Amino acid sequence: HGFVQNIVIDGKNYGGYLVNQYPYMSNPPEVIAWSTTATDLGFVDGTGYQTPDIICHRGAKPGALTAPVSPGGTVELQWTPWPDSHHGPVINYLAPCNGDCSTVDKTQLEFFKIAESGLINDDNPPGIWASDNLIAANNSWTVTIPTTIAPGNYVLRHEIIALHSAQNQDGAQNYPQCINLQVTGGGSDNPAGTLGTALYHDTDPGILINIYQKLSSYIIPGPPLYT
Ligand SMILES: *[C@@H]1O[C@H](CO)[C@@H](O[C@@H]2O[C@H](CO)[C@@H](O)[C@H](O)[C@H]2NC(C)=O)[C@H](O)[C@H]1NC(C)=O
Ligand SMILES: [Cu+2]
Ligand code: NA
């Protein structure tokens with residue numbers, strides 16, 4: 001349980017959507033982060049993989065702002081303190097907005113995977129995962145925007161999937177957090193995208209999994225990594 005509370009883009013701070021506070025106030029600030037209704041600080045499980053909740057979290061609506069990012073610039077997502085028990089991959093996707101990200105219809109967004117990190121070491125199950133790397137790095141993750149993609153407005157969908165209860169169907173816990181970016185650079189690729197409701201199936205081998213054993217491999221879920 002947790003959420004992204006701050007985003008640092010090329011060293012500049014952007015406040016996150018404070019789901020622990022803004023849902024309860026009359027005039028919350030405009031931010032680059034999507035609003036959500038995930039006020040339990042919780043997740044979307046497999047029962048929601050084919051519902052709009054999986055796209056940018058439950059009840060999500062586009063942030064009102066969009067942040068410029070330099071070519072191949074860095075986006076650091078700073079989470080609230082992430083529990084060590086919530087072992088699993090950290091995955092990052094972009095979807096072109098083809099216009100103002102604040103007005104997008106999220107069910108139309110076609111995401112391509114830009115980064116993925118999974119099981120790092122399993123000599124002592126449940127092992128060391130991307131989520132443990134995130135914890136060690138001040139509860140944060142840094143995404144580099146590809147230099148090869150066409151510039152314009154994009155939604156970054158940043159996600160931890162916690163696998164501590166994933167041994168049973170719909171047990172995996174997805175924690176997606178979305179922000180709006182204005183991407184720059186000399187790239188021209190428009191990578192093949194996947195609707196948010198088509199990213200995951202509750203039978204995927206990295207989703208329905210018992211991590212309390214020595215795994216020789218881990219198939220990070222979702223569509224293929226774009227390079
Ligand atoms: C480690 O993470 C913390 C908390 O997530 C970061 O704290 C934020 O720092 C920015 C920049 O100073 C502030 O504007 C925010 O208000 C802080 N938020 C909280 C909750 O403290 C901290 O900067 C990170 N340390 C780094 C990146 O070295
Ligand atoms: Cu939790
Ligand atoms: Na690739």
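Hey, what do the phi angles of the range 56-69 turn into as Karplus ³J(HN,Hα) couplings, whole Hz, using 6.51/-1.76/1.60 and θ = phi - 60°, x for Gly and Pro?
Here the 3J(HN,Hα) series is 9, 5, 4, x, 5, 10, x, x, 6, 10, 9, 9, x, 10 Hz.
Each label point is 7 Å from the Cα along the Cα-to-Cβ direction; what then is the distance between the points at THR144 and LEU41, in nm?
Modelled inter-label distance: 3.3 nm.
Could you name the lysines whose alpha carbon sits less than 17 Å from that of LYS106, not counting residues in the same chain fewer than 8 places away?
Those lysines meeting the cut-off are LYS61.
Treat the count of other C-beta atoms within 10 Å as a stand-in for reagent exposure and order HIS201, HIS164, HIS87 from fewest to most.
Details: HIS201 12, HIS164 18, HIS87 24.
The most exposed by this proxy come first: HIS201, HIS164, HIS87.
In whole Å and largest first, what semi-axes does the C-alpha gyration tensor of the range 2-227 yield when each eigenvalue is scaled by 5 and square-rooted?
26, 20, 17
Take the Cα of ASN20, step 7 Å along the line toward its Cβ, and report every residue of the range 76-104 whose backbone nitrogen sits under 16 Å from that point.
Output list for this probe position: 78-84.
Taking Cα pairs under 8 Å and at least six residues apart, what relative contact order does the range 2-227 come out at, in percent?
25
For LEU119, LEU109, what ranking results if the residue with the fewest other Cβ atoms within 10 Å of its Cβ goes first?
Details: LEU119 23, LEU109 26.
Least crowded to most crowded, the residues run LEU119, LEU109.
If the only charges are +1 at each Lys and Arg Cβ and -1 at each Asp and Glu Cβ, what is the size of the charge dipole of the chain around the Cα centre, to the nearest 20 debye?
On the way: 7 positive and 19 negative charges, 61 e Å.
Once rounded to the nearest 20, the dipole reads 300 debye.
Read-outs: derived from the displayed coordinates by stated rules, not from any lab. Here Cβ is always computed from backbone atoms with ideal geometry, including for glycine, and neighbour counts include all displayed protein chains.
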